[PDB]
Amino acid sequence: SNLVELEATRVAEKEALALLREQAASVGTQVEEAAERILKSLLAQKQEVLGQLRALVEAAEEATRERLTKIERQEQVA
């Protein structure tokens, strides 16, 4: 039956495209998600390291204020 041979062909072409669409949309997906999961760990790197940098500076800023209030007194006695 040619109405069947050809129907067989339509269906198989449709299934071949459907498979291709879902393999493409999966690369789409696999790619959008690697980005999300990279972007996240990355802007988390940043508001972690930026934190521990601001802290290094707070400490240093305290050791350096300690040091000046010591000088400030010994200059009043000088």
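In case it trips you up, residue 1 is the first one in the sequence shown, and so on.
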Fill in the blank from the handout: Avg C-alpha B-factor, entry values, 65-73 vs 50-58, higher side is 65-73
Exercise for the section: Using the B-factor values recorded in the entry, state whether the Cα atom of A8 falls in the lowest, middle or highest third among the modelled residues of its chain. Expected result: lowest
Practice task
Could you say whether, by C-alpha temperature factor, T29 belongs to the lowest, middle or highest third of its chain?
Solution key: lowest
Practice task
Would you please rank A44 by its C-alpha temperature factor against the other modelled residues of its chain and give the third it falls in: lowest, middle or highest?
Solution key: middle
